[PDB]
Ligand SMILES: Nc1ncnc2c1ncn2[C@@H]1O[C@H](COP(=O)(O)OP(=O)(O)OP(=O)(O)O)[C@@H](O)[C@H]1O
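For reference, the chain that follows is the form solved without ligand ATP, supplied as structure tokens.
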């Protein structure tokens, strides 16, 4: 099994020359300060897959700051230190930005957060990363420029479309990789090789997800949501029984899957007509239907959710059956007003998770009819106080006019006279 391979030709072929020359310079600085320099990770994966990947991620076997400082005086830019054991970024005025980190090992005392010491060679720094396809480096120092360093069978695992962990305790160490594996599985068209699959299942069914902290998990979750085909990933989690270990009161059923399918289908039509949609919460609107208060507080606290969220979910889960019936009978827009009156985009999606076909089509417009062509034109409360006093009664009036209007009457101030007649 080949570890070292000359990928020089491939780099000159695929990488922008302005940037290739930079990699060269960096290598050269490495020698001039006696640090081995490497580009690592996704960039190398992406190169070999022939996938554009612009950013530059540098690993040095030495002091990151020394190197960034040295680099800085030949590459005019802004040098930010960081809070990471030895991490810096040089922001070049030309636009692009260099990340620079010291090669590090991770040792795990428990299945939580690892000890780090720089006291690592590049080997150890690669050995601690998640999957073989992400654990590859290319050396930038002049004599070794364009050398693929692949300790773990990553090149081969690309050509076989495989997601494979680097050692046996990989999931137990960081159970966050359970979600990450699915994510890169759907992101390329990859499969989780047998052995690692078994490892994944053990970790899932032995409590490892619960043993990890909420925030870490949430973040890998949002990341899944922003990937290309989230629904695939979600179904993959369910295939692996992950969802229930993430949310102990949610059961992923053919019923839930349908809603979830409707959900995603309709989500962009909502970002389209209504603005930004937090996909994490949209998905929770479904996951968390029918949660009891204590099951909720447990989940609300583990992942850090808004307190009101259970209220909004409950509004949809409770009003959903009524909503279907109203869309069956082509009831007037005025009748679905109270259900969506001033609700979150996420709640909207959640309503859309229940429908398809004609009901979706109608509801979709009723919604647009509300978004716009809402909006009183002339009538204020103060257009009303010229003829009529307070107070609940004027508001009542304004909404009746709004409402007769939603079904729609294009003119006006007949509507007021018209409905004050109704009031008698």
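Numbering follows the first chain given and starts at 1. Definition used throughout: the rigid core is the maximal C-alpha set that superposes within 1.5 Å between two forms.
Below, we refer to the form deposited with ligand ATP bound, which is not included among the displayed structures.
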Name the stretch, out of 258-266, 233-241, 173-181, 74-82, where some heavy atom lies within 4.5 Å of ligand ATP in the deposited bound form.
-> 173-181
So in the deposited bound form, does residue 41 come within 4.5 Å of ligand ATP, heavy atom to heavy atom?
-> yes
At the 4.5 Å heavy atom threshold, is residue 187 in contact with ligand ATP in the deposited bound form?
-> yes
Looking in the deposited bound form, any heavy atom of residue 130 within 4.5 Å of ligand ATP?
-> yes
Looking in the deposited bound form, any heavy atom of residue 57 within 4.5 Å of ligand ATP?
-> yes
Looking at 334, 89, 120, 134, which is the one with a non-hydrogen atom within 4.5 Å of ligand ATP in the deposited bound form?
-> 134
Can you pick the one in 223, 300, 97, 156 that has a heavy atom within 4.5 Å of ligand ATP in the deposited bound form?
-> 223
Go through 225, 92, 326, 339 and flag the only one whose CA is off by 2 Å or more between this form and the one not shown, rigid core held fixed.
-> 92
Relative to the superposed rigid core, does the CA atom of residue 388 travel 2 Å or more between this form and the one not shown?
-> yes
C-alpha of residue 78 off by 2 Å or more between this form and the one not shown on rigid core | yes
